[PDB]
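Have a look at run.pdb below; it lists PDB, N, CA and C atoms.
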ATOM      1  N   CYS A   1       0.826  -1.198   0.000
ATOM      2  CA  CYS A   1       0.000   0.000   0.000
ATOM      3  C   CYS A   1       0.866   1.256   0.000
ATOM      4  N   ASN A   2       0.236   2.381  -0.332
ATOM      5  CA  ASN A   2       0.788   3.676   0.036
ATOM      6  C   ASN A   2       0.902   3.778   1.551
ATOM      7  N   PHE A   3       2.027   4.318   2.018
ATOM      8  CA  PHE A   3       2.209   4.503   3.454
ATOM      9  C   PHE A   3       1.192   5.483   4.021
ATOM     10  N   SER A   4       0.687   6.391   3.189
ATOM     11  CA  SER A   4      -0.227   7.432   3.637
ATOM     12  C   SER A   4      -1.637   6.965   3.969
ATOM     13  N   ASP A   5      -1.755   5.913   4.777
ATOM     14  CA  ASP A   5      -3.035   5.609   5.399
ATOM     15  C   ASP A   5      -3.477   6.745   6.315
ATOM     16  N   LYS A   6      -2.576   7.684   6.595
ATOM     17  CA  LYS A   6      -2.847   8.934   7.286
ATOM     18  C   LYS A   6      -2.798  10.108   6.317
ATOM     19  N   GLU A   7      -3.738  11.044   6.458
ATOM     20  CA  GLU A   7      -3.677  12.307   5.734
ATOM     21  C   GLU A   7      -4.164  13.435   6.635
ATOM     22  N   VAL A   8      -3.630  14.637   6.398
ATOM     23  CA  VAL A   8      -3.803  15.777   7.295
ATOM     24  C   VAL A   8      -4.081  17.035   6.478
ATOM     25  N   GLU A   9      -5.032  17.843   6.946
ATOM     26  CA  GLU A   9      -5.329  19.160   6.395
ATOM     27  C   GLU A   9      -5.178  20.222   7.479
ATOM     28  N   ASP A  10      -4.637  21.381   7.107
ATOM     29  CA  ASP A  10      -4.564  22.518   8.016
ATOM     30  C   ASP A  10      -5.905  23.248   8.110
ATOM     31  N   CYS A  11      -6.052  24.036   9.178
ATOM     32  CA  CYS A  11      -7.278  24.775   9.452
ATOM     33  C   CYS A  11      -6.935  26.167   9.968
ATOM     34  N   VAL A  12      -7.947  27.041   9.999
ATOM     35  CA  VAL A  12      -7.923  28.189  10.902
ATOM     36  C   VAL A  12      -8.147  27.757  12.349
ATOM     37  N   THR A  13      -7.636  28.572  13.275
ATOM     38  CA  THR A  13      -7.928  28.490  14.710
ATOM     39  C   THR A  13      -9.371  28.904  14.997
ATOM     40  N   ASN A  14     -10.314  27.991  14.741
ATOM     41  CA  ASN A  14     -11.717  28.355  14.924
ATOM     42  C   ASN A  14     -11.999  28.768  16.366
ATOM     43  N   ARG A  15     -11.355  28.112  17.327
ATOM     44  CA  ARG A  15     -11.659  28.254  18.746
ATOM     45  C   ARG A  15     -10.365  28.131  19.541
ATOM     46  N   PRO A  16     -10.278  28.779  20.700
ATOM     47  CA  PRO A  16      -9.204  28.465  21.655
ATOM     48  C   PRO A  16      -9.343  27.084  22.287
ATOM     49  N   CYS A  17      -8.246  26.655  22.921
ATOM     50  CA  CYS A  17      -8.191  25.426  23.706
ATOM     51  C   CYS A  17      -7.318  25.739  24.915
ATOM     52  N   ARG A  18      -7.550  25.018  26.012
ATOM     53  CA  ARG A  18      -6.923  25.298  27.302
ATOM     54  C   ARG A  18      -5.668  24.464  27.562
ATOM     55  N   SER A  19      -4.963  24.078  26.497
ATOM     56  CA  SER A  19      -3.770  23.236  26.571
ATOM     57  C   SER A  19      -2.667  23.803  27.466
ATOM     58  N   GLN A  20      -2.752  25.071  27.872
ATOM     59  CA  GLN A  20      -1.638  25.784  28.508
ATOM     60  C   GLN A  20      -1.457  25.366  29.972
ATOM     61  N   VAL A  21      -1.262  24.061  30.164
ATOM     62  CA  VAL A  21      -1.126  23.449  31.483
ATOM     63  C   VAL A  21      -0.111  24.205  32.340
ATOM     64  N   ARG A  22      -0.593  24.756  33.452
ATOM     65  CA  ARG A  22       0.202  25.592  34.347
ATOM     66  C   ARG A  22       1.327  24.796  35.007
ATOM     67  N   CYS A  23       2.565  25.258  34.824
ATOM     68  CA  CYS A  23       3.726  24.735  35.540
ATOM     69  C   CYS A  23       4.111  25.711  36.647
ATOM     70  N   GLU A  24       3.943  25.272  37.897
ATOM     71  CA  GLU A  24       4.472  26.016  39.035
ATOM     72  C   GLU A  24       5.989  25.922  39.119
ATOM     73  N   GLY A  25       6.567  24.818  38.662
ATOM     74  CA  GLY A  25       8.000  24.651  38.681
ATOM     75  C   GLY A  25       8.704  25.557  37.686
ATOM     76  N   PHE A  26       9.999  25.298  37.536
ATOM     77  CA  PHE A  26      10.762  25.874  36.440
ATOM     78  C   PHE A  26      10.390  25.181  35.138
ATOM     79  N   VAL A  27      10.370  25.945  34.050
ATOM     80  CA  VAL A  27      10.107  25.410  32.719
ATOM     81  C   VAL A  27      11.426  25.311  31.969
ATOM     82  N   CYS A  28      11.798  24.087  31.611
ATOM     83  CA  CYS A  28      13.029  23.808  30.875
ATOM     84  C   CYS A  28      12.923  24.403  29.477
ATOM     85  N   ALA A  29      13.556  25.560  29.271
ATOM     86  CA  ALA A  29      13.095  26.492  28.246
ATOM     87  C   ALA A  29      12.954  25.818  26.884
ATOM     88  N   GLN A  30      13.940  25.006  26.498
ATOM     89  CA  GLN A  30      13.914  24.387  25.175
ATOM     90  C   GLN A  30      12.943  23.213  25.111
ATOM     91  N   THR A  31      12.826  22.448  26.196
ATOM     92  CA  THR A  31      11.980  21.261  26.207
ATOM     93  C   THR A  31      10.577  21.532  26.728
ATOM     94  N   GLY A  32      10.387  22.589  27.513
ATOM     95  CA  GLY A  32       9.138  22.773  28.222
ATOM     96  C   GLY A  32       8.849  21.776  29.319
ATOM     97  N   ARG A  33       9.795  20.907  29.669
ATOM     98  CA  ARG A  33       9.611  20.072  30.848
ATOM     99  C   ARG A  33       9.509  20.954  32.085
ATOM    100  N   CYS A  34       8.498  20.683  32.905
ATOM    101  CA  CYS A  34       8.329  21.336  34.196
ATOM    102  C   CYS A  34       9.120  20.587  35.264
ATOM    103  N   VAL A  35      10.120  21.249  35.843
ATOM    104  CA  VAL A  35      10.953  20.655  36.882
ATOM    105  C   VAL A  35      10.862  21.506  38.141
ATOM    106  N   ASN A  36      10.902  20.837  39.289
ATOM    107  CA  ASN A  36      10.820  21.526  40.567
ATOM    108  C   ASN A  36      12.050  22.397  40.787
ATOM    109  N   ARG A  37      11.837  23.582  41.365
ATOM    110  CA  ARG A  37      12.933  24.527  41.537
ATOM    111  C   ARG A  37      14.068  23.965  42.382
ATOM    112  N   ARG A  38      13.789  22.987  43.244
ATOM    113  CA  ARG A  38      14.852  22.327  43.991
ATOM    114  C   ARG A  38      15.830  21.591  43.084
ATOM    115  N   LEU A  39      15.444  21.313  41.842
ATOM    116  CA  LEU A  39      16.326  20.711  40.850
ATOM    117  C   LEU A  39      17.121  21.728  40.040
ATOM    118  N   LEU A  40      16.951  23.023  40.287
ATOM    119  CA  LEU A  40      17.875  24.001  39.731
ATOM    120  C   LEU A  40      19.211  23.926  40.454
ATOM    121  N   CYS A  41      20.296  24.095  39.700
ATOM    122  CA  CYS A  41      21.647  24.076  40.255
ATOM    123  C   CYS A  41      21.937  22.759  40.964
ATOM    124  N   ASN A  42      21.192  21.722  40.583
ATOM    125  CA  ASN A  42      21.267  20.406  41.204
ATOM    126  C   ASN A  42      22.581  19.697  40.912
ATOM    127  N   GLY A  43      23.336  20.157  39.917
ATOM    128  CA  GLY A  43      24.470  19.424  39.398
ATOM    129  C   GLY A  43      24.127  18.387  38.353
ATOM    130  N   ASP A  44      22.850  18.237  38.013
ATOM    131  CA  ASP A  44      22.365  17.176  37.145
ATOM    132  C   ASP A  44      21.486  17.809  36.080
ATOM    133  N   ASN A  45      21.620  17.343  34.840
ATOM    134  CA  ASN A  45      20.674  17.757  33.815
ATOM    135  C   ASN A  45      19.333  17.079  34.051
ATOM    136  N   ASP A  46      18.506  17.677  34.908
ATOM    137  CA  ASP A  46      17.145  17.202  35.106
ATOM    138  C   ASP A  46      16.184  17.759  34.067
ATOM    139  N   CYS A  47      16.503  18.912  33.488
ATOM    140  CA  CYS A  47      15.993  19.284  32.181
ATOM    141  C   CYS A  47      16.562  18.357  31.111
ATOM    142  N   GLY A  48      16.136  18.594  29.869
ATOM    143  CA  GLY A  48      16.830  18.038  28.726
ATOM    144  C   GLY A  48      18.048  18.828  28.307
ATOM    145  N   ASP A  49      18.099  20.119  28.652
ATOM    146  CA  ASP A  49      18.932  21.084  27.947
ATOM    147  C   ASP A  49      19.824  21.889  28.891
TER     148      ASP A  49
ATOM    149  N   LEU B   1      18.476  15.086  61.138
ATOM    150  CA  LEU B   1      18.916  14.372  59.948
ATOM    151  C   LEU B   1      19.074  15.272  58.730
ATOM    152  N   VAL B   2      18.600  16.515  58.794
ATOM    153  CA  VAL B   2      18.695  17.418  57.655
ATOM    154  C   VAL B   2      20.131  17.886  57.475
ATOM    155  N   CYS B   3      20.558  17.955  56.218
ATOM    156  CA  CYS B   3      21.844  18.527  55.834
ATOM    157  C   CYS B   3      22.979  17.850  56.601
ATOM    158  N   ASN B   4      23.120  16.558  56.321
ATOM    159  CA  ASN B   4      23.714  15.586  57.229
ATOM    160  C   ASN B   4      24.723  14.666  56.560
ATOM    161  N   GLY B   5      24.681  14.522  55.238
ATOM    162  CA  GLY B   5      25.545  13.637  54.489
ATOM    163  C   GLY B   5      24.964  12.260  54.270
ATOM    164  N   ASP B   6      23.741  12.020  54.734
ATOM    165  CA  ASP B   6      22.992  10.810  54.456
ATOM    166  C   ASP B   6      21.693  11.200  53.772
ATOM    167  N   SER B   7      21.219  10.349  52.867
ATOM    168  CA  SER B   7      19.930  10.591  52.222
ATOM    169  C   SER B   7      18.882   9.957  53.120
ATOM    170  N   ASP B   8      18.362  10.757  54.050
ATOM    171  CA  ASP B   8      17.400  10.266  55.026
ATOM    172  C   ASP B   8      15.971  10.324  54.518
ATOM    173  N   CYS B   9      15.665  11.247  53.613
ATOM    174  CA  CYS B   9      14.609  10.992  52.650
ATOM    175  C   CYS B   9      15.133   9.964  51.659
ATOM    176  N   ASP B  10      14.300   8.991  51.306
ATOM    177  CA  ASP B  10      14.826   7.864  50.543
ATOM    178  C   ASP B  10      14.726   8.095  49.039
ATOM    179  N   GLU B  11      13.530   8.385  48.527
ATOM    180  CA  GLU B  11      13.376   8.555  47.087
ATOM    181  C   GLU B  11      13.745   9.977  46.690
ATOM    182  N   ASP B  12      13.081  10.951  47.301
ATOM    183  CA  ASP B  12      13.617  12.296  47.413
ATOM    184  C   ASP B  12      14.875  12.274  48.273
ATOM    185  N   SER B  13      15.716  13.288  48.105
ATOM    186  CA  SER B  13      16.833  13.505  49.017
ATOM    187  C   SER B  13      16.883  14.962  49.450
ATOM    188  N   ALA B  14      15.713  15.498  49.800
ATOM    189  CA  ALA B  14      15.562  16.938  49.967
ATOM    190  C   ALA B  14      16.329  17.451  51.177
ATOM    191  N   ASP B  15      16.507  16.608  52.194
ATOM    192  CA  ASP B  15      17.385  16.927  53.313
ATOM    193  C   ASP B  15      18.821  17.212  52.893
ATOM    194  N   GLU B  16      19.266  16.705  51.745
ATOM    195  CA  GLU B  16      20.604  16.994  51.244
ATOM    196  C   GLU B  16      20.607  17.990  50.091
ATOM    197  N   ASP B  17      19.481  18.642  49.827
ATOM    198  CA  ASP B  17      19.428  19.726  48.857
ATOM    199  C   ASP B  17      20.057  20.999  49.411
ATOM    200  N   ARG B  18      20.706  21.754  48.524
ATOM    201  CA  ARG B  18      21.234  23.079  48.846
ATOM    202  C   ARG B  18      22.107  23.065  50.102
ATOM    203  N   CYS B  19      22.975  22.061  50.215
ATOM    204  CA  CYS B  19      23.811  21.871  51.399
ATOM    205  C   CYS B  19      25.287  22.045  51.061
ATOM    206  N   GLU B  20      25.939  22.986  51.740
ATOM    207  CA  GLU B  20      27.355  23.250  51.514
ATOM    208  C   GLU B  20      28.211  22.098  52.032
ATOM    209  N   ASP B  21      29.081  21.569  51.168
ATOM    210  CA  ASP B  21      29.955  20.466  51.560
ATOM    211  C   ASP B  21      30.975  20.878  52.615
ATOM    212  N   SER B  22      31.262  22.175  52.737
ATOM    213  CA  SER B  22      32.071  22.676  53.842
ATOM    214  C   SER B  22      31.322  22.666  55.167
ATOM    215  N   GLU B  23      29.993  22.698  55.136
ATOM    216  CA  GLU B  23      29.190  22.598  56.347
ATOM    217  C   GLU B  23      28.917  21.151  56.742
ATOM    218  N   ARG B  24      28.746  20.264  55.765
ATOM    219  CA  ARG B  24      28.652  18.839  56.052
ATOM    220  C   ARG B  24      29.863  18.349  56.841
ATOM    221  N   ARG B  25      29.638  17.303  57.636
ATOM    222  CA  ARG B  25      30.673  16.475  58.234
ATOM    223  C   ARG B  25      30.495  15.032  57.773
ATOM    224  N   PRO B  26      31.581  14.249  57.678
ATOM    225  CA  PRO B  26      31.422  12.823  57.354
ATOM    226  C   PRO B  26      30.551  12.088  58.361
ATOM    227  N   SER B  27      29.376  11.641  57.916
ATOM    228  CA  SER B  27      28.468  10.925  58.807
ATOM    229  C   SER B  27      29.040   9.577  59.235
ATOM    230  N   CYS B  28      29.698   8.867  58.320
ATOM    231  CA  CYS B  28      30.305   7.583  58.638
ATOM    232  C   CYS B  28      31.485   7.329  57.712
ATOM    233  N   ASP B  29      32.350   6.401  58.131
ATOM    234  CA  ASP B  29      33.476   6.001  57.295
ATOM    235  C   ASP B  29      33.025   5.397  55.972
ATOM    236  N   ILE B  30      31.844   4.775  55.940
ATOM    237  CA  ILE B  30      31.444   3.918  54.832
ATOM    238  C   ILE B  30      29.983   4.158  54.477
ATOM    239  N   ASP B  31      29.631   3.767  53.252
ATOM    240  CA  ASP B  31      28.270   3.850  52.750
ATOM    241  C   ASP B  31      27.723   2.503  52.301
ATOM    242  N   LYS B  32      28.571   1.499  52.143
ATOM    243  CA  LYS B  32      28.208   0.232  51.520
ATOM    244  C   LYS B  32      27.322  -0.595  52.444
ATOM    245  N   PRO B  33      26.067  -0.856  52.092
ATOM    246  CA  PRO B  33      25.231  -1.727  52.914
ATOM    247  C   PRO B  33      25.582  -3.188  52.703
ATOM    248  N   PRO B  34      25.041  -4.086  53.524
ATOM    249  CA  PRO B  34      25.320  -5.503  53.333
ATOM    250  C   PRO B  34      24.831  -5.982  51.981
ATOM    251  N   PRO B  35      25.441  -7.042  51.444
ATOM    252  CA  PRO B  35      25.411  -7.258  49.989
ATOM    253  C   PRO B  35      24.033  -7.363  49.354
ATOM    254  N   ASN B  36      22.995  -7.791  50.076
ATOM    255  CA  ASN B  36      21.658  -7.791  49.487
ATOM    256  C   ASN B  36      20.580  -7.407  50.495
ATOM    257  N   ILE B  37      20.898  -6.502  51.417
ATOM    258  CA  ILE B  37      19.979  -6.165  52.498
ATOM    259  C   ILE B  37      18.640  -5.669  51.970
ATOM    260  N   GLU B  38      18.611  -5.100  50.763
ATOM    261  CA  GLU B  38      17.341  -4.640  50.207
ATOM    262  C   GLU B  38      16.308  -5.757  50.121
ATOM    263  N   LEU B  39      16.750  -7.006  49.971
ATOM    264  CA  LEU B  39      15.810  -8.119  49.907
ATOM    265  C   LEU B  39      15.086  -8.314  51.229
ATOM    266  N   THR B  40      15.708  -7.908  52.331
ATOM    267  CA  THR B  40      15.054  -7.973  53.631
ATOM    268  C   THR B  40      13.893  -6.997  53.742
ATOM    269  N   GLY B  41      13.786  -6.028  52.837
ATOM    270  CA  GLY B  41      12.708  -5.065  52.886
ATOM    271  C   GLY B  41      11.553  -5.352  51.959
ATOM    272  N   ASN B  42      11.652  -6.383  51.128
ATOM    273  CA  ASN B  42      10.548  -6.771  50.265
ATOM    274  C   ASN B  42       9.381  -7.303  51.087
ATOM    275  N   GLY B  43       8.172  -7.029  50.614
ATOM    276  CA  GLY B  43       7.012  -7.766  51.057
ATOM    277  C   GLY B  43       7.036  -9.196  50.552
ATOM    278  N   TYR B  44       6.036  -9.959  50.980
ATOM    279  CA  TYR B  44       5.961 -11.373  50.647
ATOM    280  C   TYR B  44       4.499 -11.768  50.521
ATOM    281  N   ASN B  45       4.195 -12.622  49.548
ATOM    282  CA  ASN B  45       2.846 -13.144  49.363
ATOM    283  C   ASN B  45       2.817 -14.594  49.826
ATOM    284  N   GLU B  46       2.050 -14.869  50.881
ATOM    285  CA  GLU B  46       2.144 -16.170  51.531
ATOM    286  C   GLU B  46       1.568 -17.294  50.678
ATOM    287  N   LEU B  47       0.527 -17.012  49.893
ATOM    288  CA  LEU B  47      -0.077 -18.046  49.058
ATOM    289  C   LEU B  47       0.827 -18.427  47.894
ATOM    290  N   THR B  48       1.138 -17.461  47.035
ATOM    291  CA  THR B  48       2.063 -17.706  45.937
ATOM    292  C   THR B  48       3.472 -17.972  46.443
ATOM    293  N   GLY B  49       3.816 -17.441  47.609
ATOM    294  CA  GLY B  49       5.146 -17.609  48.143
ATOM    295  C   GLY B  49       6.215 -16.773  47.488
TER     296      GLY B  49
END
So, in terms of structure tokens, how does the structure I just supplied come out?
Amino acid sequence: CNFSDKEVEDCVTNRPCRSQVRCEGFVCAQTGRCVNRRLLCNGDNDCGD
Amino acid sequence: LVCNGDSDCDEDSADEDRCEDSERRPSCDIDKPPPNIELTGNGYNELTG
């Protein structure tokens, strides 16, 4: 078969969505992983970056 | 037990967070537990054994 058993179309932003899950921790800027502030300066890459 | 040189919180180690190594003292000469002591802490199922 064609591999494209999947197909996708773009849209306008008809409506907002509440995806903006609140991180109280630090946000690992490049990854967006939410890490607890106690893991800052931890000596360990607990972020990705 | 806080800021002590031992991880007295077990999974977390928050008692050893943000602790100056110049303020720490050596808690003990050694850290090595007996060779499989963790097995002494497992639960047990009497039926399945």
All strand (DSSP E) positions in chain A, as a list in words: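 Reading the DSSP output for chain A, strand (DSSP E) covers residues 26, 27, 34 and 35 of chain A.
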Which residues, named as in the file, does the PyMOL selection byres ((chain A and name CA) within 12 of (chain B and name CA)) pick out? Answer as a list in words.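 So the PyMOL selection byres ((chain A and name CA) within 12 of (chain B and name CA)) ends up selecting residues 36, 37, 38, 39, 40, 41, 42 and 43 of chain A.
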Contact residues around residue 5 (chain B) with all atoms listed in the file at 7 Å, ignoring same-chain residues under 4 positions, as a short mmCIF file (atom, residue, chain, number, x, y, z; two decimals) with N, CA and C atoms, keeping the file's coordinate frame:
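Output (out_4.cif):
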data_model
loop_
_atom_site.label_atom_id
_atom_site.label_comp_id
_atom_site.auth_asym_id
_atom_site.auth_seq_id
_atom_site.Cartn_x
_atom_site.Cartn_y
_atom_site.Cartn_z
N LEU B 1 18.48 15.09 61.14
CA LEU B 1 18.92 14.37 59.95
C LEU B 1 19.07 15.27 58.73
N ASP B 15 16.51 16.61 52.19
CA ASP B 15 17.39 16.93 53.31
C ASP B 15 18.82 17.21 52.89
N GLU B 16 19.27 16.70 51.74
CA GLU B 16 20.60 16.99 51.24
C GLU B 16 20.61 17.99 50.09
N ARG B 24 28.75 20.26 55.76
CA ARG B 24 28.65 18.84 56.05
C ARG B 24 29.86 18.35 56.84
N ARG B 25 29.64 17.30 57.64
CA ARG B 25 30.67 16.48 58.23
C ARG B 25 30.50 15.03 57.77
N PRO B 26 31.58 14.25 57.68
CA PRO B 26 31.42 12.82 57.35
C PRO B 26 30.55 12.09 58.36
N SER B 27 29.38 11.64 57.92
CA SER B 27 28.47 10.92 58.81
C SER B 27 29.04 9.58 59.24
#
Just give me the gap between CA of residue 32 (chain A) and CA of residue 45 (chain A) in Å, one decimal is fine.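 Taking CA of residue 32 (chain A) as the start and CA of residue 45 (chain A) as the end point, the length is 13.8 Å.
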Distance of atom C of residue 35 (chain B) from CA of residue 8 (chain B), expressed in Å to one decimal place: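 Rounded to one decimal, the two atoms are 19.7 Å apart.
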Do you have the atom C of residue 49 (chain A)-CA of residue 12 (chain B) distance handy? 21.8 Å
Quick one: which residues end up in the PyMOL selection byres (((chain A and resi 47 and name CA) around 10) and name CA) for this structure, as a ChimeraX atom specification? /A:26-35,39-40,44-46,48-49
Taking the chain letters and numbering used in this document, name the residues of chain B that DSSP puts in helix (DSSP H, G or I), as a PyMOL selection string. chain B and resi 14-16+37-41
